[PDB]
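Listing of data-v2.txt; format and content: compact mmCIF, C-alpha atoms (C1' of nucleotides).
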```
# COMPACT_ATOMS: atom_id res chain seq x y z
CA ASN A 1 -4.50 -17.17 31.15
CA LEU A 2 -6.71 -19.85 29.62
CA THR A 3 -5.44 -23.12 28.26
CA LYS A 4 -5.77 -24.27 24.69
CA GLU A 5 -8.28 -27.01 25.35
CA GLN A 6 -10.43 -24.31 26.92
CA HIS A 7 -9.66 -22.21 23.83
CA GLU A 8 -10.85 -24.87 21.40
CA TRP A 9 -13.74 -25.93 23.63
CA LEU A 10 -15.31 -22.54 24.22
CA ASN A 11 -14.15 -21.60 20.72
CA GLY A 12 -16.40 -24.29 19.25
CA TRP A 13 -19.15 -23.17 21.61
CA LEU A 14 -18.87 -19.63 20.28
CA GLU A 15 -18.82 -20.97 16.75
CA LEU A 16 -22.15 -22.77 17.10
CA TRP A 17 -23.28 -19.93 19.32
CA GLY A 18 -22.64 -17.20 16.76
CA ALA A 19 -23.85 -19.45 13.95
CA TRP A 20 -27.02 -19.90 16.00
CA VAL A 21 -27.55 -16.21 16.81
CA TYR A 22 -26.60 -14.77 13.44
CA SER A 23 -29.40 -16.67 11.73
CA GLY A 24 -31.69 -14.41 13.79
CA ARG A 25 -33.08 -16.95 16.24
CA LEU A 26 -32.45 -14.74 19.27
CA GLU A 27 -34.80 -12.14 20.71
CA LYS A 28 -34.42 -8.43 21.47
CA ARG A 29 -34.72 -9.06 25.20
CA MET A 30 -31.23 -10.54 25.61
CA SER A 31 -29.52 -7.23 24.86
CA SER A 32 -30.17 -3.98 23.10
CA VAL A 33 -26.65 -4.52 21.78
CA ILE A 34 -27.62 -7.97 20.52
CA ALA A 35 -30.64 -6.15 19.16
CA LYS A 36 -28.20 -3.62 17.68
CA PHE A 37 -26.37 -6.41 15.90
CA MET A 38 -29.68 -7.84 14.68
CA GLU A 39 -30.36 -4.36 13.32
CA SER A 40 -27.29 -5.05 11.18
CA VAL A 41 -28.26 -8.18 9.27
CA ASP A 42 -31.71 -23.09 20.52
CA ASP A 43 -31.52 -23.12 24.29
CA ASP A 44 -27.79 -23.64 23.89
CA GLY A 45 -27.46 -20.26 22.21
CA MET A 46 -29.76 -18.61 24.74
CA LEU A 47 -27.92 -20.10 27.72
CA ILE A 48 -24.58 -18.99 26.31
CA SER A 49 -26.16 -15.69 25.27
CA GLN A 50 -27.12 -15.12 28.90
CA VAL A 51 -23.53 -16.02 29.83
CA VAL A 52 -21.81 -13.78 27.28
CA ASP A 53 -24.29 -10.95 27.74
CA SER A 54 -23.82 -11.26 31.50
CA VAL A 55 -20.02 -11.07 31.43
CA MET A 56 -19.50 -8.81 28.40
CA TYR A 57 -22.57 -6.72 29.22
CA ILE A 58 -20.47 -3.95 30.68
CA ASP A 59 -18.13 -3.09 27.81
CA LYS A 60 -20.29 -3.62 24.67
CA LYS A 61 -17.46 -2.62 22.36
CA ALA A 62 -15.48 -5.84 22.58
CA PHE A 63 -18.86 -7.53 22.85
CA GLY A 64 -19.70 -6.11 19.43
CA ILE A 65 -16.22 -7.12 18.27
CA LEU A 66 -16.99 -10.58 19.60
CA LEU A 67 -20.14 -10.64 17.50
CA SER A 68 -18.12 -9.47 14.51
CA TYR A 69 -15.67 -12.32 14.87
CA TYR A 70 -18.02 -15.09 15.84
CA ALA A 71 -21.52 -14.11 14.80
CA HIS A 72 -20.47 -12.61 11.50
CA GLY A 73 -17.24 -14.51 10.96
CA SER A 74 -14.80 -11.72 10.17
CA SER A 75 -11.05 -12.05 9.93
CA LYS A 76 -8.91 -10.59 12.69
CA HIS A 77 -6.87 -8.62 10.19
CA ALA A 78 -9.83 -6.74 8.81
CA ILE A 79 -11.05 -5.94 12.31
CA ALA A 80 -7.69 -4.48 13.26
CA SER A 81 -7.65 -2.80 9.86
CA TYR A 82 -10.89 -0.84 10.41
CA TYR A 83 -9.81 -0.35 14.04
CA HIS A 84 -6.63 1.26 12.84
CA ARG A 85 -8.82 3.29 10.52
CA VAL A 86 -10.91 4.67 13.37
CA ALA A 87 -7.83 5.45 15.45
CA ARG A 88 -7.34 8.58 17.47
CA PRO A 89 -4.04 10.04 18.64
CA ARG A 90 -3.13 8.79 22.10
CA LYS A 91 -0.23 8.88 24.57
CA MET A 92 2.03 5.85 24.25
CA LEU A 93 5.66 5.48 25.39
CA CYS A 94 6.59 4.34 21.98
CA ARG A 95 9.52 2.81 20.15
CA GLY A 96 9.41 6.35 18.81
CA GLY A 97 8.49 8.09 22.03
CA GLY A 98 5.83 9.50 24.33
CA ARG A 99 4.55 11.86 21.65
CA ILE A 100 0.86 11.88 20.83
CA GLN A 101 -0.14 10.29 17.54
CA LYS A 102 -2.16 7.62 15.82
CA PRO A 103 -0.73 4.16 16.55
CA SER A 104 0.48 1.60 14.07
CA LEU A 105 -1.36 -1.32 12.59
CA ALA A 106 0.59 -3.98 14.47
CA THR A 107 -0.31 -2.27 17.73
CA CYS A 108 -3.96 -2.53 16.74
CA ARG A 109 -3.38 -6.20 15.96
CA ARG A 110 -1.90 -6.62 19.44
CA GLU A 111 -4.94 -4.92 20.94
CA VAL A 112 -7.44 -7.13 19.14
CA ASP A 113 -5.39 -10.10 20.32
CA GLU A 114 -5.32 -9.05 23.94
CA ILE A 115 -8.95 -8.00 24.01
CA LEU A 116 -9.65 -11.39 22.52
CA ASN A 117 -7.64 -13.23 25.16
CA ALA A 118 -9.05 -11.14 27.99
CA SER A 119 -12.57 -11.46 26.59
CA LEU A 120 -12.36 -15.26 26.36
CA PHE A 121 -10.61 -15.26 29.71
CA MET A 122 -13.45 -13.42 31.41
CA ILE A 123 -16.07 -15.53 29.68
CA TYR A 124 -14.72 -19.04 30.35
CA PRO A 125 -15.60 -19.85 34.01
CA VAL A 126 -19.10 -18.53 33.40
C1' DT B 1 39.87 8.65 -88.85
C1' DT B 2 38.64 7.52 -84.79
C1' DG B 3 38.94 6.99 -79.90
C1' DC B 4 39.71 9.67 -75.88
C1' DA B 5 40.81 13.00 -72.49
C1' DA B 6 39.20 17.21 -71.69
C1' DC B 7 36.33 20.99 -71.42
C1' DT B 8 31.45 22.85 -70.98
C1' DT B 9 26.81 22.87 -69.79
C1' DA B 10 22.97 21.40 -67.43
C1' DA B 11 20.20 18.98 -63.90
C1' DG B 12 19.51 17.95 -59.48
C1' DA B 13 19.97 17.50 -54.28
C1' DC B 14 20.87 20.16 -49.90
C1' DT B 15 21.06 24.36 -46.60
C1' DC B 16 19.41 28.49 -45.19
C1' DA B 17 17.21 32.39 -43.85
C1' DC B 18 16.62 38.96 -36.93
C1' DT B 19 15.87 39.39 -31.73
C1' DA B 20 13.06 39.33 -27.47
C1' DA B 21 8.14 39.44 -25.35
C1' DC B 22 2.75 38.76 -24.41
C1' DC B 23 -2.32 36.76 -25.27
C1' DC B 24 -5.74 32.95 -26.96
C1' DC B 25 -7.31 28.00 -28.20
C1' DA B 26 -6.72 22.86 -29.71
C1' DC B 27 -4.71 18.87 -28.51
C1' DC B 28 -5.89 11.51 -29.81
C1' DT B 29 -11.59 5.03 -28.94
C1' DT B 30 -14.38 -0.63 -30.09
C1' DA B 31 -15.93 -8.77 -30.28
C1' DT B 32 -17.23 -11.90 -28.08
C1' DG B 33 -16.09 -15.78 -24.92
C1' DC B 34 -13.59 -19.09 -22.25
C1' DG B 35 -10.22 -21.22 -19.61
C1' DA B 36 -5.68 -20.89 -17.89
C1' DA B 37 -2.31 -18.52 -15.68
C1' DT B 38 -0.67 -15.33 -12.95
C1' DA B 39 -0.34 -11.67 -9.91
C1' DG B 40 -2.04 -9.75 -6.15
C1' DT B 41 -3.69 -9.49 -1.87
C1' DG B 42 -5.34 -11.25 2.48
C1' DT B 43 -4.45 -13.66 7.04
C1' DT B 44 -1.92 -15.04 10.31
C1' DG B 45 1.72 -16.65 13.49
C1' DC B 46 5.73 -15.15 14.25
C1' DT B 47 10.59 -11.48 14.74
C1' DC B 48 13.66 -7.40 15.65
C1' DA B 49 15.07 -2.99 16.61
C1' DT B 50 14.47 1.18 19.64
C1' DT B 51 13.11 4.74 23.26
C1' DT B 52 12.05 5.71 28.30
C1' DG B 53 11.66 4.87 33.07
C1' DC B 54 14.10 3.17 36.19
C1' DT B 55 17.49 0.64 39.32
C1' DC B 56 22.24 -0.60 40.92
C1' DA B 57 26.95 0.98 41.87
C1' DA B 58 30.55 3.51 43.31
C1' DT B 59 33.37 7.93 44.89
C1' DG B 60 34.72 12.03 46.12
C1' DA B 61 32.22 16.00 48.14
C1' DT B 62 30.10 17.35 52.05
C1' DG B 63 28.02 17.14 56.94
```
Could you render the structure from this file as structure tokens?
Amino acid sequence: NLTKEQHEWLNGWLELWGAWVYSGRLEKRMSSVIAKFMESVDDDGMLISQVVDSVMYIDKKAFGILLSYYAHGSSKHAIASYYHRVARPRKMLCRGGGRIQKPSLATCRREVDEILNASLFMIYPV
DNA sequence: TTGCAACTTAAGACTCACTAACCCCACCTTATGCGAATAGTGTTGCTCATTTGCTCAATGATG
């Protein structure tokens, strides 16, 4: 797990990073997913963009979520809201049981939280 | 003779008019503007209860 100084440090880096990118100052060549986000609208931001694209290159879903939170500046609650909207029925050993249904909102909140913590966790040493 | 109870007539207000069924249609709108207040609703960090999977723990049944 990361610490909280690392949280605030790299948090501020992703704040100026997403504020830098979202103005449109980044090129297509960094990612086609970064290009995808730029279809939906300095060396610091390009260095970090190589970092974040390098680590979060492989998932692209939480990478897009990461752009939604930092580049766009969206609240966590709306992200888990739409994410609960796009939910499919899954197998979970629930408080209810191992039946197969669409999960609750608070579960989706937990998932945005843990994909946040794991995302930041995988970014930080890079 | 005169008042007075008593009888008579008339005027007026209220109630009230069979039982069941089927079909159709018609149903009810015009100041602006501004600030203040409030309700709502949005976000987030943080609980609490509840089902399963699973492990210990013993005890008589069995090899």
So how many Å separate CA of residue 103 in chain A and CA of residue 90 in chain A, to one decimal?
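Separation between CA of residue 103 in chain A and CA of residue 90 in chain A: 7.6 Å.
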Using all atoms listed in the file, give me every residue within 12 Å of (-26.8, -8.7, 13.5) in file coordinates, as an MDAnalysis selection string.
chainID A and resid 18:28 31:41 64:73
Residue subset to file, keeping C-alpha atoms, as an mmCIF file, in the frame of the given file:
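Heads up, here's the output in again.cif:
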```cif
data_model
loop_
_atom_site.group_PDB
_atom_site.id
_atom_site.type_symbol
_atom_site.label_atom_id
_atom_site.label_comp_id
_atom_site.auth_asym_id
_atom_site.auth_seq_id
_atom_site.Cartn_x
_atom_site.Cartn_y
_atom_site.Cartn_z
ATOM 1 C CA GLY A 18 -22.640 -17.200 16.760
ATOM 2 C CA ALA A 19 -23.850 -19.450 13.950
ATOM 3 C CA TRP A 20 -27.020 -19.900 16.000
ATOM 4 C CA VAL A 21 -27.550 -16.210 16.810
ATOM 5 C CA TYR A 22 -26.600 -14.770 13.440
ATOM 6 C CA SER A 23 -29.400 -16.670 11.730
ATOM 7 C CA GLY A 24 -31.690 -14.410 13.790
ATOM 8 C CA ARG A 25 -33.080 -16.950 16.240
ATOM 9 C CA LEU A 26 -32.450 -14.740 19.270
ATOM 10 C CA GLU A 27 -34.800 -12.140 20.710
ATOM 11 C CA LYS A 28 -34.420 -8.430 21.470
ATOM 12 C CA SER A 31 -29.520 -7.230 24.860
ATOM 13 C CA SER A 32 -30.170 -3.980 23.100
ATOM 14 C CA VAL A 33 -26.650 -4.520 21.780
ATOM 15 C CA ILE A 34 -27.620 -7.970 20.520
ATOM 16 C CA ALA A 35 -30.640 -6.150 19.160
ATOM 17 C CA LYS A 36 -28.200 -3.620 17.680
ATOM 18 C CA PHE A 37 -26.370 -6.410 15.900
ATOM 19 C CA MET A 38 -29.680 -7.840 14.680
ATOM 20 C CA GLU A 39 -30.360 -4.360 13.320
ATOM 21 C CA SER A 40 -27.290 -5.050 11.180
ATOM 22 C CA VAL A 41 -28.260 -8.180 9.270
ATOM 23 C CA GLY A 64 -19.700 -6.110 19.430
ATOM 24 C CA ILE A 65 -16.220 -7.120 18.270
ATOM 25 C CA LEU A 66 -16.990 -10.580 19.600
ATOM 26 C CA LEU A 67 -20.140 -10.640 17.500
ATOM 27 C CA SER A 68 -18.120 -9.470 14.510
ATOM 28 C CA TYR A 69 -15.670 -12.320 14.870
ATOM 29 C CA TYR A 70 -18.020 -15.090 15.840
ATOM 30 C CA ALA A 71 -21.520 -14.110 14.800
ATOM 31 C CA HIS A 72 -20.470 -12.610 11.500
ATOM 32 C CA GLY A 73 -17.240 -14.510 10.960
#
```
Contacts between chain B and chain A, please, where a residue of chain A counts if it comes within 8 Å (with only C-alpha atoms (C1' of nucleotides)); show its shortest atom pair and distance in Å to one decimal, rows by chain and ascending number, as CSV.
```
residue,atom,partner,partner_atom,distance
A:75,CA,B:43,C1',7.4
A:76,CA,B:43,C1',7.8
A:77,CA,B:43,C1',6.4
A:93,CA,B:52,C1',7.0
A:94,CA,B:51,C1',6.7
A:95,CA,B:51,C1',5.1
A:96,CA,B:51,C1',6.0
A:97,CA,B:51,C1',5.8
```
Two-atom distance - CA of residue 59 in chain A, CA of residue 4 in chain A (Å):
24.7 Å
For CA of residue 47 in chain A and CA of residue 14 in chain A, determine how far apart the two atoms are, in Å to one decimal place.
11.7 Å
Which residues come within 7 Å of range 78-86 of chain A, counting all atoms listed in the file, excluding same-chain residues fewer than 3 positions away, as number ranges by chain?
A: 75, 105, 108-109, 112
Excluding residue 2 in chain A and any residue of its chain fewer than 4 positions from it, enumerate the residues within 8 Å of it, using all atoms listed in the file, and give them as a PDB file with C-alpha atoms, keeping the file's coordinate frame.
```
ATOM      1  CA  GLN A   6     -10.430 -24.310  26.920  1.00  0.00           C
ATOM      2  CA  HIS A   7      -9.660 -22.210  23.830  1.00  0.00           C
ATOM      3  CA  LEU A 120     -12.360 -15.260  26.360  1.00  0.00           C
ATOM      4  CA  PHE A 121     -10.610 -15.260  29.710  1.00  0.00           C
TER       5      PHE A 121
END
```
